[PDB]
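**Q** Structure incoming, see below.
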Amino acid sequence: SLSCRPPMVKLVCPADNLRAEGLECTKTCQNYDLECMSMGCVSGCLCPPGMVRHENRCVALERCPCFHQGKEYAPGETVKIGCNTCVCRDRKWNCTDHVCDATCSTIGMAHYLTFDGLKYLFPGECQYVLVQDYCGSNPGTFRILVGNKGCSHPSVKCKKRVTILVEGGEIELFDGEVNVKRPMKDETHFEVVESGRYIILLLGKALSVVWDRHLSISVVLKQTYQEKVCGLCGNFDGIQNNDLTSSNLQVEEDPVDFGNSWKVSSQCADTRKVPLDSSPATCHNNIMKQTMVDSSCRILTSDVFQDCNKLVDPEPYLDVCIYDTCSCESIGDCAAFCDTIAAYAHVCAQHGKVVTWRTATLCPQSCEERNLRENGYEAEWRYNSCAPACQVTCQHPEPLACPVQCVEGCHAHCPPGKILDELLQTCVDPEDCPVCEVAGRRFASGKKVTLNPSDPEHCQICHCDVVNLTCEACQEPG
Ligand SMILES: *[C@@H]1O[C@H](CO)[C@@H](O)[C@H](O)[C@H]1NC(C)=O
Ligand SMILES: *[C@@H]1O[C@H](CO)[C@@H](O)[C@H](O)[C@H]1NC(C)=O
Ligand SMILES: *[C@@H]1O[C@H](CO)[C@@H](O)[C@H](O)[C@H]1NC(C)=O
Ligand SMILES: [Ca+2]
Ligand SMILES: [Ca+2]
């Protein structure tokens, strides 16, 4: 019987003893909080009770590493998921609980998906506060309103109007175009980016809107606005179960009650409650169509979406897909079907799981129509499931802090060393853009850049005629 290296102690297995546990019940950094059942003990040397065997030596239990998705991380080695960091300390994952940047989203005709993940139905026909920071003791910087007309009982034909009020300006989203009714007092960080199917609005450093030009309206807030906003999109605090809090700080169990409390004009009437129809318009008493709609919308958890289903819950997009498609006479050309599915694929792509799902049979989209090679336009337009959203063009010469990584649609491809000119729909040399530069910032002709906004002695508003740059001092408002 040769001695064992400390602190391991030997275990002679007695055959004449009823039960015994040897090396078969060895405890490592993996199987510690588990139980063992030995057919017969294996004689050998094992670590003392307080320790576990790890890498052929006895280690303290607290010195055990943590495991994340199979990979081993030493104690102290942090992993970052989202905007939170998880430190490995004492064989445990200690994670921060910070609220990350969030997105409010209108899904489909009459559903809303709040910043904190609450999905509810609210078929209001008036104008409502989508998101605003005028809540109680308010700084009061921005207010975004949404008006729904035709998204009620007949949802086949519906149109929405979004009104954006920020920094003294009013930007309205309606009928697939952006209308800047009143400019922001400082346009330096204001951009209207048309990319693919979408229009991306930069409304300052921390407020953005992503819009598919029809009914998918998203507000992207940075986490500095947490607990500071209210309206149909909730209070943005990481707690989903309190987003149905009305304007009078009371939790409402019915979404129709919560939504009516955010009605803007007292002229129109509040929405009255209706019992939830599990089979709306064309699915009512039609088990055949309910099966067709369920099978079509079930693409959201099919193969191409399986990777994304782990990162982004498809349940709310699937509920909305089924509810809205039940208003279409045909699922092939159904607009509510493709838009809702595309809205999910868009969120997937923001999490690094770009999903190519369209086909010529199902929701086809091609760029062949606007590929005018033989017409004097030098630009090739190719569809991409997710291409960089904020590309440098003559109209956006400085690189932008884009609220989304990429978007779906048609994107122009230019020869090496050439930049897209959006107004001319053709590729041009970067020197040929009507673009000025000041303070290291390039801005397009007609854009106004404000230098030192808060400094009355150095505030300047710079204008770009074509390539001509002129700056003027600001006027003290008195
Ligand atoms: C994580 O660290 C904090 C201190 O930052 C401590 O209060 C908390 O108990 C730790 N949690 C775990 C599970 O180690
Ligand atoms: C889309 O663009 C990416 C780069 O942004 C490229 O790698 C990919 O091959 C493109 N796919 C299609 C179908 O154009
Ligand atoms: C630029 O503007 C100045 C006056 O501000 C004018 O004298 C000059 O001719 C302009 N140059 C061009 C190229 O337009
Ligand atoms: Ca909340
Ligand atoms: Ca620069």
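In the structure tokens, chains take the letters A, B, ... in the order shown, each chain's residues start at 1, and ligands count up from 1 in the order shown.
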Segment 110-127 of chain A: which residues within 6 Å, counting only C-alpha atoms, same-chain residues fewer than 4 positions away excluded, as a PDB file with N, CA, C and O atoms, in the first residue's frame?
**A**
```pdb
ATOM      1  N   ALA A 102     -33.411  49.742 -25.348  1.00  0.00           N
ATOM      2  CA  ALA A 102     -34.623  49.005 -25.662  1.00  0.00           C
ATOM      3  C   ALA A 102     -35.336  49.611 -26.858  1.00  0.00           C
ATOM      4  O   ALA A 102     -35.118  50.769 -27.231  1.00  0.00           O
ATOM      5  N   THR A 103     -36.262  48.827 -27.405  1.00  0.00           N
ATOM      6  CA  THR A 103     -37.039  49.223 -28.569  1.00  0.00           C
ATOM      7  C   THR A 103     -38.513  48.994 -28.283  1.00  0.00           C
ATOM      8  O   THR A 103     -38.907  47.900 -27.873  1.00  0.00           O
ATOM      9  N   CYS A 104     -39.306  50.047 -28.429  1.00  0.00           N
ATOM     10  CA  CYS A 104     -40.749  49.925 -28.525  1.00  0.00           C
ATOM     11  C   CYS A 104     -41.126  49.676 -29.977  1.00  0.00           C
ATOM     12  O   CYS A 104     -40.474  50.176 -30.895  1.00  0.00           O
ATOM     13  N   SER A 105     -42.208  48.934 -30.185  1.00  0.00           N
ATOM     14  CA  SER A 105     -42.561  48.551 -31.542  1.00  0.00           C
ATOM     15  C   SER A 105     -44.060  48.353 -31.668  1.00  0.00           C
ATOM     16  O   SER A 105     -44.669  47.684 -30.829  1.00  0.00           O
ATOM     17  N   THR A 106     -44.645  48.919 -32.724  1.00  0.00           N
ATOM     18  CA  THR A 106     -46.013  48.593 -33.114  1.00  0.00           C
ATOM     19  C   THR A 106     -45.952  47.399 -34.051  1.00  0.00           C
ATOM     20  O   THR A 106     -45.363  47.485 -35.131  1.00  0.00           O
ATOM     21  N   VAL A 146     -48.929  58.618 -32.181  1.00  0.00           N
ATOM     22  CA  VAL A 146     -49.337  57.713 -33.250  1.00  0.00           C
ATOM     23  C   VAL A 146     -50.849  57.798 -33.412  1.00  0.00           C
ATOM     24  O   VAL A 146     -51.590  57.781 -32.422  1.00  0.00           O
ATOM     25  N   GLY A 147     -51.300  57.933 -34.654  1.00  0.00           N
ATOM     26  CA  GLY A 147     -52.719  57.975 -34.942  1.00  0.00           C
ATOM     27  C   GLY A 147     -53.103  56.855 -35.883  1.00  0.00           C
ATOM     28  O   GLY A 147     -52.493  56.692 -36.943  1.00  0.00           O
ATOM     29  N   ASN A 148     -54.092  56.058 -35.504  1.00  0.00           N
ATOM     30  CA  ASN A 148     -54.479  54.884 -36.271  1.00  0.00           C
ATOM     31  C   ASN A 148     -55.853  55.121 -36.877  1.00  0.00           C
ATOM     32  O   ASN A 148     -56.807  55.429 -36.154  1.00  0.00           O
ATOM     33  N   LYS A 149     -55.951  54.975 -38.196  1.00  0.00           N
ATOM     34  CA  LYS A 149     -57.217  55.105 -38.909  1.00  0.00           C
ATOM     35  C   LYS A 149     -57.387  53.906 -39.828  1.00  0.00           C
ATOM     36  O   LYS A 149     -56.601  53.718 -40.762  1.00  0.00           O
ATOM     37  N   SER A 152     -59.023  49.220 -37.061  1.00  0.00           N
ATOM     38  CA  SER A 152     -60.055  48.664 -36.191  1.00  0.00           C
ATOM     39  C   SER A 152     -60.589  47.335 -36.724  1.00  0.00           C
ATOM     40  O   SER A 152     -59.829  46.531 -37.277  1.00  0.00           O
ATOM     41  N   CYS A 233     -45.935  52.526 -24.669  1.00  0.00           N
ATOM     42  CA  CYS A 233     -44.747  51.682 -24.667  1.00  0.00           C
ATOM     43  C   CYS A 233     -44.237  51.371 -23.270  1.00  0.00           C
ATOM     44  O   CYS A 233     -43.152  50.793 -23.143  1.00  0.00           O
ATOM     45  N   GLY A 234     -44.965  51.762 -22.224  1.00  0.00           N
ATOM     46  CA  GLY A 234     -44.530  51.451 -20.879  1.00  0.00           C
ATOM     47  C   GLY A 234     -43.496  52.422 -20.336  1.00  0.00           C
ATOM     48  O   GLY A 234     -43.136  53.428 -20.957  1.00  0.00           O
ATOM     49  N   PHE A 236     -40.307  51.582 -19.293  1.00  0.00           N
ATOM     50  CA  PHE A 236     -38.918  51.270 -19.635  1.00  0.00           C
ATOM     51  C   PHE A 236     -38.064  51.095 -18.375  1.00  0.00           C
ATOM     52  O   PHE A 236     -37.128  51.855 -18.123  1.00  0.00           O
ATOM     53  N   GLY A 238     -37.376  47.522 -17.208  1.00  0.00           N
ATOM     54  CA  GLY A 238     -37.006  46.128 -17.101  1.00  0.00           C
ATOM     55  C   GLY A 238     -38.034  45.236 -16.449  1.00  0.00           C
ATOM     56  O   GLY A 238     -37.827  44.014 -16.396  1.00  0.00           O
ATOM     57  N   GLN A 240     -41.688  43.894 -16.888  1.00  0.00           N
ATOM     58  CA  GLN A 240     -42.713  43.815 -17.925  1.00  0.00           C
ATOM     59  C   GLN A 240     -44.112  43.943 -17.344  1.00  0.00           C
ATOM     60  O   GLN A 240     -44.989  44.563 -17.959  1.00  0.00           O
ATOM     61  N   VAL A 256     -57.181  47.841 -22.851  1.00  0.00           N
ATOM     62  CA  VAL A 256     -58.032  48.883 -23.414  1.00  0.00           C
ATOM     63  C   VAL A 256     -58.189  50.034 -22.425  1.00  0.00           C
ATOM     64  O   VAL A 256     -58.317  51.199 -22.819  1.00  0.00           O
ATOM     65  N   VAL A 264     -54.849  61.322 -26.690  1.00  0.00           N
ATOM     66  CA  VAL A 264     -54.384  62.706 -26.711  1.00  0.00           C
ATOM     67  C   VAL A 264     -55.554  63.681 -26.642  1.00  0.00           C
ATOM     68  O   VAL A 264     -55.723  64.394 -25.646  1.00  0.00           O
ATOM     69  N   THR A 271     -62.075  53.878 -26.510  1.00  0.00           N
ATOM     70  CA  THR A 271     -62.334  52.566 -27.083  1.00  0.00           C
ATOM     71  C   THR A 271     -63.013  51.681 -26.043  1.00  0.00           C
ATOM     72  O   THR A 271     -62.506  51.529 -24.928  1.00  0.00           O
TER      73      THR A 271
END
```
**Q** Compile a residue-level contact table for chain A against ligand 2 at a cut-off of 12 Å, reporting for every qualifying residue the shortest atom pair and its distance in Å to one decimal, with only C-alpha atoms and all ligand atoms counted, rows ordered by chain and ascending number, as CSV.
**A**
```
residue,atom,partner,partner_atom_place_in_ligand_line,distance
A:196,CA,ligand 2,1 (C),11.9
A:349,CA,ligand 2,5 (O),11.5
A:352,CA,ligand 2,5 (O),12.0
A:354,CA,ligand 2,1 (C),9.6
A:355,CA,ligand 2,13 (C),10.5
A:356,CA,ligand 2,13 (C),8.0
A:357,CA,ligand 2,13 (C),11.0
A:358,CA,ligand 2,13 (C),11.0
A:359,CA,ligand 2,13 (C),11.9
A:366,CA,ligand 2,13 (C),11.1
A:367,CA,ligand 2,14 (O),11.3
A:380,CA,ligand 2,14 (O),11.7
A:381,CA,ligand 2,14 (O),9.9
A:382,CA,ligand 2,14 (O),6.3
A:383,CA,ligand 2,14 (O),5.8
A:384,CA,ligand 2,14 (O),4.4
A:385,CA,ligand 2,1 (C),6.4
A:386,CA,ligand 2,1 (C),6.1
A:387,CA,ligand 2,5 (O),4.5
A:388,CA,ligand 2,5 (O),6.0
A:389,CA,ligand 2,5 (O),9.6
A:390,CA,ligand 2,5 (O),11.7
A:391,CA,ligand 2,5 (O),10.8
A:405,CA,ligand 2,5 (O),10.2
A:406,CA,ligand 2,5 (O),8.2
A:407,CA,ligand 2,5 (O),9.9
A:408,CA,ligand 2,1 (C),9.3
A:409,CA,ligand 2,14 (O),10.1
A:410,CA,ligand 2,14 (O),9.3
A:411,CA,ligand 2,14 (O),9.0
A:412,CA,ligand 2,14 (O),10.8
A:413,CA,ligand 2,14 (O),10.2
```
**Q** Which of segment 227-421 of chain A counts as strand (DSSP E or B) under DSSP, as a ChimeraX atom specification please?
**A** /A:230,245,251,263,380-388,393,406-413,419-421
**Q** 8 Å from ligand 3 is the threshold here; counting only C-alpha atoms and all ligand atoms, which polymer residues fall inside it? Answer as a count of residues only.
**A** 6
**Q** At a cut-off of 10 Å, using only C-alpha atoms, what residues contact residue 308 of chain A? Leave out same-chain residues fewer than 3 positions from it and give the result as a PyMOL selection string.
**A** chain A and resi 300-301+303-305+311-314+344-345+347-349+351-355
**Q** Residues of segment 212-309 of chain A classed as alpha helix (DSSP H) by DSSP on the backbone are to be reported as number ranges by chain.
**A** A: 255-260, 287-297, 303-309
**Q** Store the residues picked out above in a file with C-alpha atoms, as a PDB file, in the first residue's frame.
**A**
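What ended up in out05.pdb:
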```
ATOM      1  CA  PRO A 255     -55.045  46.977 -22.026  1.00  0.00           C
ATOM      2  CA  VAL A 256     -58.032  48.883 -23.414  1.00  0.00           C
ATOM      3  CA  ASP A 257     -58.216  50.773 -20.113  1.00  0.00           C
ATOM      4  CA  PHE A 258     -54.474  51.475 -20.180  1.00  0.00           C
ATOM      5  CA  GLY A 259     -54.528  52.551 -23.822  1.00  0.00           C
ATOM      6  CA  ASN A 260     -57.473  54.914 -23.435  1.00  0.00           C
ATOM      7  CA  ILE A 287     -61.651  25.821 -39.009  1.00  0.00           C
ATOM      8  CA  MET A 288     -60.151  25.364 -42.484  1.00  0.00           C
ATOM      9  CA  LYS A 289     -58.742  28.890 -42.669  1.00  0.00           C
ATOM     10  CA  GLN A 290     -57.554  28.882 -39.053  1.00  0.00           C
ATOM     11  CA  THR A 291     -55.407  25.865 -39.940  1.00  0.00           C
ATOM     12  CA  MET A 292     -54.036  27.556 -43.063  1.00  0.00           C
ATOM     13  CA  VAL A 293     -53.149  30.746 -41.164  1.00  0.00           C
ATOM     14  CA  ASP A 294     -51.563  28.813 -38.296  1.00  0.00           C
ATOM     15  CA  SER A 295     -49.454  26.777 -40.709  1.00  0.00           C
ATOM     16  CA  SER A 296     -48.356  29.860 -42.674  1.00  0.00           C
ATOM     17  CA  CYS A 297     -47.434  31.873 -39.587  1.00  0.00           C
ATOM     18  CA  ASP A 303     -35.572  26.006 -39.838  1.00  0.00           C
ATOM     19  CA  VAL A 304     -34.353  29.407 -41.057  1.00  0.00           C
ATOM     20  CA  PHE A 305     -35.669  31.034 -37.859  1.00  0.00           C
ATOM     21  CA  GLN A 306     -34.585  28.311 -35.429  1.00  0.00           C
ATOM     22  CA  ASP A 307     -31.290  30.006 -34.529  1.00  0.00           C
ATOM     23  CA  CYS A 308     -33.052  33.297 -33.889  1.00  0.00           C
ATOM     24  CA  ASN A 309     -35.796  31.724 -31.740  1.00  0.00           C
TER      25      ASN A 309
END
```
